[PDB]
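Next comes my_file23.pdb, with PDB, C-alpha atoms and all ligand atoms.
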ATOM      1  CA  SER A   1     123.550 111.476  85.728
ATOM      2  CA  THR A   2     124.177 109.454  88.909
ATOM      3  CA  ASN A   3     126.160 106.394  89.963
ATOM      4  CA  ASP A   4     125.859 103.396  92.333
ATOM      5  CA  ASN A   5     126.538 105.630  95.330
ATOM      6  CA  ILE A   6     123.043 106.950  94.647
ATOM      7  CA  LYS A   7     121.190 104.095  92.951
ATOM      8  CA  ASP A   8     121.887 101.978  96.033
ATOM      9  CA  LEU A   9     121.023 104.768  98.489
ATOM     10  CA  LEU A  10     117.885 105.261  96.394
ATOM     11  CA  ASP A  11     117.030 101.606  96.988
ATOM     12  CA  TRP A  12     117.492 101.359 100.754
ATOM     13  CA  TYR A  13     115.886 104.740 101.428
ATOM     14  CA  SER A  14     112.676 104.489  99.383
ATOM     15  CA  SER A  15     111.641 100.982 100.622
ATOM     16  CA  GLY A  16     110.192 100.426 104.018
ATOM     17  CA  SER A  17     110.855  99.498 107.628
ATOM     18  CA  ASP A  18     109.192  96.715 109.546
ATOM     19  CA  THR A  19     107.378  97.631 112.783
ATOM     20  CA  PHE A  20     106.869  94.863 115.319
ATOM     21  CA  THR A  21     105.882  95.225 118.997
ATOM     22  CA  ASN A  22     105.622  93.241 122.291
ATOM     23  CA  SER A  23     108.186  90.738 120.931
ATOM     24  CA  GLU A  24     110.411  88.611 123.167
ATOM     25  CA  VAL A  25     114.192  88.101 123.246
ATOM     26  CA  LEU A  26     115.484  84.618 122.401
ATOM     27  CA  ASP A  27     119.109  85.518 123.255
ATOM     28  CA  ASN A  28     121.329  88.633 123.673
ATOM     29  CA  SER A  29     124.905  88.463 122.382
ATOM     30  CA  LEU A  30     127.581  91.026 121.744
ATOM     31  CA  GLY A  31     126.162  93.200 118.974
ATOM     32  CA  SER A  32     123.637  90.453 118.096
ATOM     33  CA  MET A  33     120.016  89.837 119.089
ATOM     34  CA  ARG A  34     117.614  87.002 118.323
ATOM     35  CA  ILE A  35     113.993  87.949 118.975
ATOM     36  CA  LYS A  36     110.590  86.258 118.351
ATOM     37  CA  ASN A  37     107.856  88.576 117.100
ATOM     38  CA  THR A  38     104.218  87.940 118.198
ATOM     39  CA  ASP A  39     103.649  86.257 114.808
ATOM     40  CA  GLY A  40     105.837  83.268 115.540
ATOM     41  CA  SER A  41     108.695  84.510 113.295
ATOM     42  CA  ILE A  42     112.117  85.208 114.804
ATOM     43  CA  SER A  43     114.511  88.036 113.964
ATOM     44  CA  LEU A  44     118.333  88.159 113.837
ATOM     45  CA  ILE A  45     118.982  91.841 114.608
ATOM     46  CA  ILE A  46     122.569  93.123 114.885
ATOM     47  CA  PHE A  47     124.124  96.132 116.674
ATOM     48  CA  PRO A  48     127.316  97.544 115.072
ATOM     49  CA  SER A  49     127.970 100.635 117.225
ATOM     50  CA  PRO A  50     129.681  99.866 120.634
ATOM     51  CA  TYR A  51     127.940 102.839 122.218
ATOM     52  CA  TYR A  52     124.576 101.242 121.359
ATOM     53  CA  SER A  53     124.441  97.849 122.990
ATOM     54  CA  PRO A  54     121.042  96.764 124.232
ATOM     55  CA  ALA A  55     120.955  94.728 127.364
ATOM     56  CA  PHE A  56     117.500  93.264 127.283
ATOM     57  CA  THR A  57     117.334  89.829 128.858
ATOM     58  CA  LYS A  58     115.698  86.578 127.690
ATOM     59  CA  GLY A  59     112.038  87.098 128.467
ATOM     60  CA  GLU A  60     111.653  90.922 128.247
ATOM     61  CA  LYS A  61     109.101  92.583 125.844
ATOM     62  CA  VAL A  62     110.719  94.560 122.985
ATOM     63  CA  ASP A  63     109.551  96.608 119.935
ATOM     64  CA  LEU A  64     111.264  96.635 116.551
ATOM     65  CA  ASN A  65     111.215  99.352 113.871
ATOM     66  CA  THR A  66     114.178  97.862 112.025
ATOM     67  CA  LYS A  67     115.008  97.338 108.320
ATOM     68  CA  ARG A  68     115.963  94.140 106.481
ATOM     69  CA  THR A  69     119.521  93.970 105.091
ATOM     70  CA  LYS A  70     118.569  90.966 102.885
ATOM     71  CA  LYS A  71     115.362  89.198 101.851
ATOM     72  CA  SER A  72     113.887  86.771 104.429
ATOM     73  CA  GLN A  73     114.053  83.040 104.969
ATOM     74  CA  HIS A  74     111.595  80.229 105.248
ATOM     75  CA  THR A  75     113.137  77.132 106.872
ATOM     76  CA  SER A  76     111.446  73.918 105.744
ATOM     77  CA  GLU A  77     110.367  73.585 109.369
ATOM     78  CA  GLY A  78     107.942  76.495 109.622
ATOM     79  CA  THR A  79     109.607  79.523 111.203
ATOM     80  CA  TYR A  80     110.213  82.850 109.352
ATOM     81  CA  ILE A  81     113.719  84.276 110.102
ATOM     82  CA  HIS A  82     114.321  87.936 109.476
ATOM     83  CA  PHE A  83     117.704  89.631 109.077
ATOM     84  CA  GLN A  84     117.338  93.210 110.252
ATOM     85  CA  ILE A  85     119.773  95.847 111.479
ATOM     86  CA  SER A  86     119.146  97.776 114.733
ATOM     87  CA  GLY A  87     115.939  99.232 116.096
ATOM     88  CA  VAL A  88     115.166  97.256 119.247
ATOM     89  CA  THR A  89     113.545  99.402 121.981
ATOM     90  CA  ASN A  90     111.216  99.478 124.995
ATOM     91  CA  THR A  91     107.410  99.413 125.002
ATOM     92  CA  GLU A  92     106.809 102.749 126.593
ATOM     93  CA  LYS A  93     104.117 104.708 124.789
ATOM     94  CA  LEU A  94     102.828 108.192 125.414
ATOM     95  CA  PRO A  95      99.140 108.718 126.407
ATOM     96  CA  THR A  96      98.382 110.652 123.165
ATOM     97  CA  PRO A  97     100.668 110.657 120.054
ATOM     98  CA  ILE A  98     102.535 113.668 118.690
ATOM     99  CA  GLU A  99     103.893 114.529 115.232
ATOM    100  CA  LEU A 100     107.658 115.406 115.227
ATOM    101  CA  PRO A 101     108.468 118.834 113.825
ATOM    102  CA  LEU A 102     110.413 118.255 110.608
ATOM    103  CA  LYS A 103     111.038 120.855 107.881
ATOM    104  CA  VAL A 104     112.599 119.888 104.592
ATOM    105  CA  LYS A 105     114.301 122.671 102.725
ATOM    106  CA  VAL A 106     115.206 122.401  99.064
ATOM    107  CA  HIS A 107     117.912 124.901  98.185
ATOM    108  CA  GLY A 108     116.411 127.830 100.030
ATOM    109  CA  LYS A 109     112.649 127.809  99.588
ATOM    110  CA  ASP A 110     110.554 126.164 102.294
ATOM    111  CA  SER A 111     109.390 122.707 101.267
ATOM    112  CA  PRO A 112     105.943 121.641 102.687
ATOM    113  CA  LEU A 113     105.105 118.103 103.876
ATOM    114  CA  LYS A 114     103.159 115.157 102.309
ATOM    115  CA  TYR A 115     101.998 112.296 104.579
ATOM    116  CA  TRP A 116     104.465 112.536 107.510
ATOM    117  CA  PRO A 117     103.316 109.978 110.232
ATOM    118  CA  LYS A 118     101.921 110.321 113.751
ATOM    119  CA  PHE A 119     104.243 108.968 116.452
ATOM    120  CA  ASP A 120     103.133 107.223 119.635
ATOM    121  CA  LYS A 121     106.375 106.091 121.248
ATOM    122  CA  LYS A 122     108.693 107.619 123.800
ATOM    123  CA  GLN A 123     112.043 106.065 122.798
ATOM    124  CA  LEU A 124     112.948 106.056 119.096
ATOM    125  CA  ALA A 125     116.347 104.639 117.993
ATOM    126  CA  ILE A 126     118.333 107.106 115.860
ATOM    127  CA  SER A 127     118.461 104.478 113.078
ATOM    128  CA  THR A 128     114.669 104.795 112.899
ATOM    129  CA  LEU A 129     114.622 108.598 112.957
ATOM    130  CA  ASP A 130     117.076 108.558 110.109
ATOM    131  CA  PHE A 131     115.166 106.102 107.962
ATOM    132  CA  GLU A 132     111.962 108.099 108.587
ATOM    133  CA  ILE A 133     113.365 111.510 107.505
ATOM    134  CA  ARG A 134     115.310 110.167 104.560
ATOM    135  CA  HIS A 135     112.336 107.973 103.582
ATOM    136  CA  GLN A 136     110.000 110.896 103.544
ATOM    137  CA  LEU A 137     112.800 112.638 101.638
ATOM    138  CA  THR A 138     113.323 110.117  98.855
ATOM    139  CA  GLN A 139     109.567 110.016  98.437
ATOM    140  CA  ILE A 140     107.740 113.374  98.694
ATOM    141  CA  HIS A 141     110.785 115.679  98.422
ATOM    142  CA  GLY A 142     112.472 113.592  95.770
ATOM    143  CA  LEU A 143     115.997 112.963  96.918
ATOM    144  CA  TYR A 144     118.452 110.582  95.208
ATOM    145  CA  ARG A 145     116.127 110.856  92.166
ATOM    146  CA  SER A 146     117.779 113.719  90.317
ATOM    147  CA  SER A 147     121.406 114.856  89.842
ATOM    148  CA  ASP A 148     120.128 118.275  91.032
ATOM    149  CA  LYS A 149     119.173 116.587  94.323
ATOM    150  CA  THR A 150     122.006 114.331  95.501
ATOM    151  CA  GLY A 151     123.088 115.753  98.892
ATOM    152  CA  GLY A 152     122.532 117.681 102.133
ATOM    153  CA  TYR A 153     121.893 117.006 105.864
ATOM    154  CA  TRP A 154     119.241 116.824 108.663
ATOM    155  CA  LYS A 155     119.402 117.907 112.313
ATOM    156  CA  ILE A 156     117.529 116.852 115.437
ATOM    157  CA  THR A 157     117.929 119.565 118.145
ATOM    158  CA  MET A 158     116.747 118.543 121.686
ATOM    159  CA  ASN A 159     114.988 120.396 124.556
ATOM    160  CA  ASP A 160     118.390 120.841 126.202
ATOM    161  CA  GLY A 161     120.772 121.806 123.398
ATOM    162  CA  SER A 162     122.122 118.342 122.520
ATOM    163  CA  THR A 163     122.171 117.721 118.797
ATOM    164  CA  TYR A 164     122.353 114.779 116.398
ATOM    165  CA  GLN A 165     122.983 114.756 112.618
ATOM    166  CA  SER A 166     123.728 112.865 109.414
ATOM    167  CA  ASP A 167     124.674 113.592 105.789
ATOM    168  CA  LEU A 168     122.240 112.322 103.216
ATOM    169  CA  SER A 169     125.174 111.521 100.802
ATOM    170  CA  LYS A 170     126.317 108.363 102.705
ATOM    171  CA  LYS A 171     124.364 105.631 104.533
ATOM    172  CA  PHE A 172     123.785 106.319 108.237
ATOM    173  CA  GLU A 173     127.039 105.357 110.005
ATOM    174  CA  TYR A 174     125.437 102.485 111.839
ATOM    175  CA  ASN A 175     128.718 101.587 113.516
ATOM    176  CA  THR A 176     128.541 104.666 115.848
ATOM    177  CA  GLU A 177     124.893 105.402 116.897
ATOM    178  CA  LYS A 178     124.018 106.484 120.443
ATOM    179  CA  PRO A 179     121.014 104.993 122.356
ATOM    180  CA  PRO A 180     117.287 105.603 121.558
ATOM    181  CA  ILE A 181     115.984 108.992 122.647
ATOM    182  CA  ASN A 182     112.675 110.097 124.137
ATOM    183  CA  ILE A 183     111.112 111.819 121.037
ATOM    184  CA  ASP A 184     108.908 114.033 123.227
ATOM    185  CA  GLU A 185     112.033 115.950 124.215
ATOM    186  CA  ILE A 186     113.032 116.914 120.697
ATOM    187  CA  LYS A 187     112.900 120.674 120.334
ATOM    188  CA  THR A 188     113.045 120.429 116.525
ATOM    189  CA  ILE A 189     114.233 118.432 113.481
ATOM    190  CA  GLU A 190     115.461 119.843 110.189
ATOM    191  CA  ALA A 191     116.500 118.661 106.748
ATOM    192  CA  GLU A 192     117.986 120.723 103.910
ATOM    193  CA  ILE A 193     118.896 119.331 100.485
ATOM    194  CA  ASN A 194     121.632 119.733  97.861
TER     195      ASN A 194
HETATM  196 ZN    ZN A 201     105.770  80.023 107.124
END
Representation of the structure as structure tokens:
Amino acid sequence: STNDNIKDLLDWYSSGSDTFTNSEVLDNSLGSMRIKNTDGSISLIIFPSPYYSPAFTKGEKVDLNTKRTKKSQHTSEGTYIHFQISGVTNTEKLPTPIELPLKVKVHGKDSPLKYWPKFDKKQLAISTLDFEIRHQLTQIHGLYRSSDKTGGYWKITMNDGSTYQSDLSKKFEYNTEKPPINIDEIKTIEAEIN
């Protein structure tokens, strides 16, 4: 039925993000960031895309919602080092959480939701919004699990026409993502499969 192009997308998309908060920055280099989460552990986050370079300085308070590109490390010195790609953002939260309008469609007929989260942030990195949608896709809506369901797209459409998108059939092009958006200004999000 399928091939590595799917087995591997099935892996990365079904698993799960990390979600840290009020972490500090231990250094900011070109497309590279070394943070320290509240729990003593430090993270080596990278930033492919030139459009998306975060300029948070040593001392600031950041939030992660990144994903690990490889299993973690334990130095025989007592410090847990993560290896995660993108996600860093600011600690602005909204007074009372909202749930982003998403609507998965499977070849025509409306597909209802099963356990789609309640968001409390203002600025969510597009890496995050991708992982969410596709995560909720590979799980409840069963994507990358059957030959019948190997492709499609999703579409965020803002409260001022701007649009963003991605094609389920390839991993999010991390090397070209634009900065984190205020999720309260999303008119709608969509997803359609096959
Ligand atoms: Zn330890």
task = Give me the residues within 10 Å of residue 11 (chain A) as a list in words, counting all atoms listed in the file and dropping any in the same chain fewer than 5 places off.
result = residues 6, 16, 138 and 144 of chain A
query = region 86-91 of chain A: which residues within 10 Å, counting all atoms listed in the file, same-chain residues fewer than 4 positions away excluded, as a PyMOL selection string?
reply = chain A and resi 17-23+31-33+35+44-49+52-54+56+60-68+121-129+174+177+179-181
task = Name every residue that the PyMOL selection byres (((not hetatm)) within 9 of (chain A and resi 201)) selects in this structure, writing the answer as a ChimeraX atom specification with chains first and numbers rising.
result = /A:41,74-80
request  = With the file shown as input, list the residues that the PyMOL selection byres (((chain A and resi 150-155) around 7) and not hetatm) selects, as a ChimeraX atom specification.
outcome  = /A:143-144,146-149,156-157,164-169,189-194
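Put simply, the PyMOL selection byres (((chain A and resi 139) around 12) and not hetatm) on this file hits residues 10, 11, 12, 13, 14, 15, 16, 113, 114, 115, 116, 131, 132, 133, 134, 135, 136, 137, 138, 140, 141, 142, 143, 144 and 145 of chain A.
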The selected residues should be written to file as a PDB file, keeping the file's coordinate frame (atoms: C-alpha atoms).
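result14.pdb, freshly written:
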ATOM      1  CA  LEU A  10     117.885 105.261  96.394  1.00  0.00           C
ATOM      2  CA  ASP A  11     117.030 101.606  96.988  1.00  0.00           C
ATOM      3  CA  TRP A  12     117.492 101.359 100.754  1.00  0.00           C
ATOM      4  CA  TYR A  13     115.886 104.740 101.428  1.00  0.00           C
ATOM      5  CA  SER A  14     112.676 104.489  99.383  1.00  0.00           C
ATOM      6  CA  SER A  15     111.641 100.982 100.622  1.00  0.00           C
ATOM      7  CA  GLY A  16     110.192 100.426 104.018  1.00  0.00           C
ATOM      8  CA  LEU A 113     105.105 118.103 103.876  1.00  0.00           C
ATOM      9  CA  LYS A 114     103.159 115.157 102.309  1.00  0.00           C
ATOM     10  CA  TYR A 115     101.998 112.296 104.579  1.00  0.00           C
ATOM     11  CA  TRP A 116     104.465 112.536 107.510  1.00  0.00           C
ATOM     12  CA  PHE A 131     115.166 106.102 107.962  1.00  0.00           C
ATOM     13  CA  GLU A 132     111.962 108.099 108.587  1.00  0.00           C
ATOM     14  CA  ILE A 133     113.365 111.510 107.505  1.00  0.00           C
ATOM     15  CA  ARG A 134     115.310 110.167 104.560  1.00  0.00           C
ATOM     16  CA  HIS A 135     112.336 107.973 103.582  1.00  0.00           C
ATOM     17  CA  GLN A 136     110.000 110.896 103.544  1.00  0.00           C
ATOM     18  CA  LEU A 137     112.800 112.638 101.638  1.00  0.00           C
ATOM     19  CA  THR A 138     113.323 110.117  98.855  1.00  0.00           C
ATOM     20  CA  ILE A 140     107.740 113.374  98.694  1.00  0.00           C
ATOM     21  CA  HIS A 141     110.785 115.679  98.422  1.00  0.00           C
ATOM     22  CA  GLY A 142     112.472 113.592  95.770  1.00  0.00           C
ATOM     23  CA  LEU A 143     115.997 112.963  96.918  1.00  0.00           C
ATOM     24  CA  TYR A 144     118.452 110.582  95.208  1.00  0.00           C
ATOM     25  CA  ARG A 145     116.127 110.856  92.166  1.00  0.00           C
TER      26      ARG A 145
END
message = For a test of reading the model, state the distance in Å between CA of residue 55 (chain A) and CA of residue 71 (chain A), rounded to one decimal.
response =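 Computed distance, CA of residue 55 (chain A) to CA of residue 71 (chain A), equals 26.7 Å.
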task = Counting all atoms listed in the file, figure out which residue out of A:9, A:102, A:81, A:26 gets nearest to residue 58 (chain A).
result =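 Distance minimum relative to residue 58 (chain A) lands on A:26.
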ask   = Quick one: distance from CA of residue 39 (chain A) to CA of residue 97 (chain A) in Å, one decimal?
value = 25.1 Å
Could you work out an axis-aligned bounding box for all listed atoms of region 17-26 of chain A, with 4 Å added on each of the six sides, and give its centre and edge lengths in Å to one decimal, as lines of an AutoDock Vina configuration file?
center_x = 110.6
center_y = 92.1
center_z = 115.4
size_x = 17.9
size_y = 22.9
size_z = 23.6
